[PDB]
Structure formats: structure tokens, C-alpha cells
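Mapping of the sequence shown onto the entry's author numbering: residues 1 to 330, in sequence order. Don't be surprised by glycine CBs; every beta carbon is placed ideally from N, CA and C. Right, one structure below, let's go through it.
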Amino acid sequence: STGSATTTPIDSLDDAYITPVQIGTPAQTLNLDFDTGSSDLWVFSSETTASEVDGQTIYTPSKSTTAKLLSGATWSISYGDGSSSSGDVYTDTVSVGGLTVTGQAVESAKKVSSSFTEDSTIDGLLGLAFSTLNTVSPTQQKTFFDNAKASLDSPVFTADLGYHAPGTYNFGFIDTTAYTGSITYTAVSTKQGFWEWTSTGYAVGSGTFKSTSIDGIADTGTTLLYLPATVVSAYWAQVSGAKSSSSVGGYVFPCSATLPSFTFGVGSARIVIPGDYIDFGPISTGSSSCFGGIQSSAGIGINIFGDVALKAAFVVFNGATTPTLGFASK
Ligand SMILES: CC(C)(CN)Oc1cc(F)cc(F)c1
């Protein structure tokens, strides 16, 4: 089997991407944030505290003839941005882009933190990291990908995120029309439950490539590119008037600037992030200070290849017995 779904930016900055997902019988379609940095499929629901719902579409398990309570199961997750959610668990039929899993754990939110309530466009998350990170207790549950994998034509999914435009998540096949050149594959460590890999270095603009190992995660659920402070300083030193602002919480730059590109290494290959991808617009409405899309990972404990990096590539998440990542230009 295969599936193919369009993923759409939630706003003019590409702060996140939403993908329609069918849950239950008859289908209830929710727009989920596909997150390769976590492993829970959770939704706003008929159980969510009413004051914490503000415009989201909800899953109502009582209206699904295939929903079953997973008795005794609870979940509770905290994300790297400080957000959180928790609740109870149903199993139900979940379809993405024509690919159907029966008996998928659908984690129903009873509580969500304020940043979820405030994002009216995100109805929940669909985690695509390794199932070892799933938070369901006392019986850990599998991701949608792990449940689909044996049925898929090939045990892979691909992320093709757009810059200020829709893109695609495919399951079970490589679309050889969706990228240029060849796909470079690189090793993955699953020891922390992430799609963790080692970039071979970077360049700033038209500068020379610096060969250096950068361990980090491929994370579609993180907006920005978080790298070591040395690398990030080297980037923003090429932008007149850029500075790290403790009050704003990262590097800012004059909105009048034209930004240089950023290149990262994948083995001997190179992915170029155009400068405009690194502009996240005014820090507050009408400001002439703009927020940078490359930020320091120093306060995080891991480097994060988030959407700023991934949207410059066609990315293969290869779930073969020994997982690997693939990157192609596009
Ligand atoms: C949608 C927001 C950004 C709201 N707090 O929640 C996350 C957090 C994550 F770390 C990952 C993700 F995909 C969504």
C-alpha cells in the first residue's frame, strides 16, 4: 500500500504545516501537525476542557462506530518549546492520504497548554519519531508509520515541505519526480528515539565549506534550524546589524536586510537553504527588527534540523531494519 497527502503551511511564515487525517467511522477529518520529533498521535476531542478549545476541529469518539476505549491507558507529553498535553486513549481507524491503519492509538486530549489553544489551525499532532518515545502508559503504543510499515510497498515515508506553499507527505514510496539529482543517504542513531544523524559541515553564503560533524535531529515539528553557537555566530556575522537579543530570545536582524544562504552537508552532498527561508518577519507587528530562522541550540542539548532546513530538501525517512535518512535537492 501507499499514501499521499498534501501538507499546508498554517500561516505566511511557515510556522508549522498541517495535513488532513481521517479518524473513525464515518470519517472525522482533523488537520494534524506531522511531527518527526515525537511519537504520539493526539487530538483535540469532545473530552478536551472546553475553555482550552478555541476554533479547533474535535474528534468525538462516541460518534465513531470503530472507536474503542483503550482501558486504563493515559498519556502526558511535554515538548521542547514548553507546551504540553495529556488525556486518555482510544483505538480507531486512521487514514492519511488513502493509507489506512486499523487499531491506531488515538490519544484524546483532556488538557492542552495555552500555545495549543491559541493555534486554531492545529487539531493535534501525528508523531513520526520512533515508537520508543510514545508516552502512553502503562502499555506504550506504536506510531501510525510503525503500524503501517509492514503493509507499505517500501518501509519509508518522505517529507517534501514547501516554502510559503503546500508540499507533500508520502508513505510507502519515493516520488522520483519530486527531487533533482540523487538522494544521499546518511546513518541514523535511534538511541534517543529521534531521526538523529550527523551533518558533515556548513557554509555561509558563497563562503568556503567548513568540514565539521554536527549531530542533530530531522524534526518536521520544529519551525527553525537550531545549531551550535559557533555556527550560528558565523552565519549572523555576515548580516549587517544582526545581533543576539536576550529580550527577544534569539538572533534578530534588520528587516531591510537581504540574508545569505546557508548550506549544510549530507555526506559529500550539500543542501542549500536560500536566504529568504531564514526570514521569520517582524518580531512584533510593524517592527523593523526581524526574527532569524537560524538560532543557537546551546540551551537545548541537541541540534535541530527543523522546517527551515528540511523545506530546502526532499527528505526520506527510511524505516528499514537499519533506519537511515535521505536528502535530495529539489
Ligand atoms: C503546535 C505547537 C508548536 C504549539 N505548542 O506544538 C508543537 C510542539 C512541538 F514541539 C512539535 C510540534 F509538532 C508541535
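Nearest neighbour of residue 331, chosen from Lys330, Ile300, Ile304, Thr324 [CA to CA]: The chain is shown from 1 up to 330; residue 331 falls before or after that span and cannot be answered.
Mapping DSSP to helix, strand and coil, what is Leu128? Looking at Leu128 - three-state DSSP - the assignment turns out to be coil, as it is neither helix nor strand.
Report the partner residues of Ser4 according to the DSSP bridge assignment. Answer is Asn170, bridged to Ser4.
Stretch-stretch touch, CB-based, cutoff 8 Å, three pairs: the stretch 50–70 with the stretch 237–254: For the pair of segments examined, the stretch 50–70 was found not to touch the stretch 237–254: the number of CB pairs separated by less than 8 Å stays below three.
Whose C-alpha, out of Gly326, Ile283, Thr322, is nearest the C-alpha of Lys191? Residue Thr322 is the option with its Cα nearest to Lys191.
When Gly275, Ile273, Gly292 are compared against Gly281, the one with the closest alpha-carbon: Nearest of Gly275, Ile273, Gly292 to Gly281, Cα basis: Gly292.
Should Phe44 and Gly124 be called a contact, given that it needs their Cβ atoms to be closer than 8 Å? The beta carbons of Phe44 and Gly124 sit closer together than 8 Å.
Are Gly267 and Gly201 closer than 8 Å when you measure CB to CB? Going by beta carbons, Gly267 and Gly201 fall outside the 8 Å limit.
Outcome for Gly249 when other beta-carbon atoms lying within 10 angstroms are tallied against a minimum of 16: Classification for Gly249: exposed.
Name the residue from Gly3, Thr220, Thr66, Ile217 whose alpha carbon lies nearest to the alpha carbon of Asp153. Of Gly3, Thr220, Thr66, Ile217, the residue nearest in Cα terms is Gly3.
Is the beta carbon of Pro228 closer than 8 Å to that of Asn303? Contact flag set, yes.
Does the stretch 110–123 come within contact of the stretch 154–172, defined as at least 3 CB pairs closer than 8 Å? Flag = no, the stretch 110–123 and the stretch 154–172 do not touch.
Nearest-angstrom Cα distance between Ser83 and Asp119? Cα-Cα distance, rounded: 12 Å.
Inter-residue spacing [alpha-carbon to alpha-carbon] between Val308 and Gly299: So the two alpha carbons sit approximately 19 Å from each other.
Please confirm whether any heavy atom of ligand 1 lies closer than 7 Å to the CB of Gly37. Flag set: Cβ of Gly37 near ligand 1.
Pull up the DSSP beta-bridge partners for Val272, would you. Per the DSSP secondary-structure output, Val272 pairs in a beta bridge with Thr263.
In angstroms with no decimal places, state the Cα-to-Cα distance between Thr158 and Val316. Distance between the alpha carbons of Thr158 and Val316 is about 5 Å.
Compare the Cα-Cα distances from residue 341 to each of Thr263, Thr222, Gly24 and report the closest residue. Nothing can be reported for residue 341: it is not among the residues displayed for the chain, which extend from 1 to 330.
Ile300: CB within 7 Å of a non-hydrogen atom of ligand 2: This structure simply doesn't include ligand 2; it includes ligand 1 instead.
Span of the beta strand (DSSP E) holding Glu118? Here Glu118 belongs to no beta strand (DSSP E); instead the alpha helix (DSSP H) covers 114–118.
Which residue comes first and which comes last in the beta strand (DSSP E) that contains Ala159? Going by DSSP, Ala159 is part of the beta strand (DSSP E) stretching over 156–160.
Give me the Cα-Cα distance between residue 331 and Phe209, rounded to the nearest whole angstrom. The first residue shown for the chain is 1 and the last is 330, placing residue 331 beyond what the model contains.
heavy atom of ligand 1 below 7 Å from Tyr226 C-beta: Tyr226 Cβ: outside cutoff for every heavy atom of ligand 1.
Indicate, with yes or no, if ligand 1 has a heavy atom lying under 7 Å from the CB of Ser233. It does not: the Cβ of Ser233 is nowhere closer than 7 Å to a heavy atom of ligand 1.
C-beta contact flag for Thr36 and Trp195 at 8 Å: Cβ atoms of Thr36 and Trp195: closer than 8 Å.
Bridge-paired residues (DSSP) for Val308: Paired residue(s): none; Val308 is not in a bridge.
Give me the DSSP bridge partner(s) of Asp279. Partner(s): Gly292.
Does the separation of the CB atoms of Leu161 and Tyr17 fall below 8 Å? For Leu161 and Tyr17, yes; Cβs fall inside 8 Å.
Is the distance from the Cβ of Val94 to the Cβ of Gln104 below 8 Å? Taking 8 Å as the cut-off, the Cβ atoms of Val94 and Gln104 count as close.
Roughly how many whole angstroms lie between the Cα atoms of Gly306 and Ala178? CA-CA distance, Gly306 to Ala178, rounds to 20 Å.
Consult DSSP for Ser83 and reduce its assignment to one of helix, strand or coil. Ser83: coil per DSSP, three-state reduction.
Just tell me which of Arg270, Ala203, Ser131, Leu41 has its CA closest to the CA of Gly319. Closest by alpha carbon: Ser131.
Mind checking which residues open and close the alpha helix (DSSP H) that includes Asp123? No alpha helix (DSSP H) holds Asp123; DSSP gives it neither H nor E.
May I have the straight-line CA-CA distance separating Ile10 from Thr121, to the nearest angstrom? The straight-line gap from Cα to Cα measures roughly 6 Å.
By how many angstroms is the C-alpha of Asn147 removed from the C-alpha of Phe262? Rounded to whole angstroms, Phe262 to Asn147 spans 36 Å at the Cα level.
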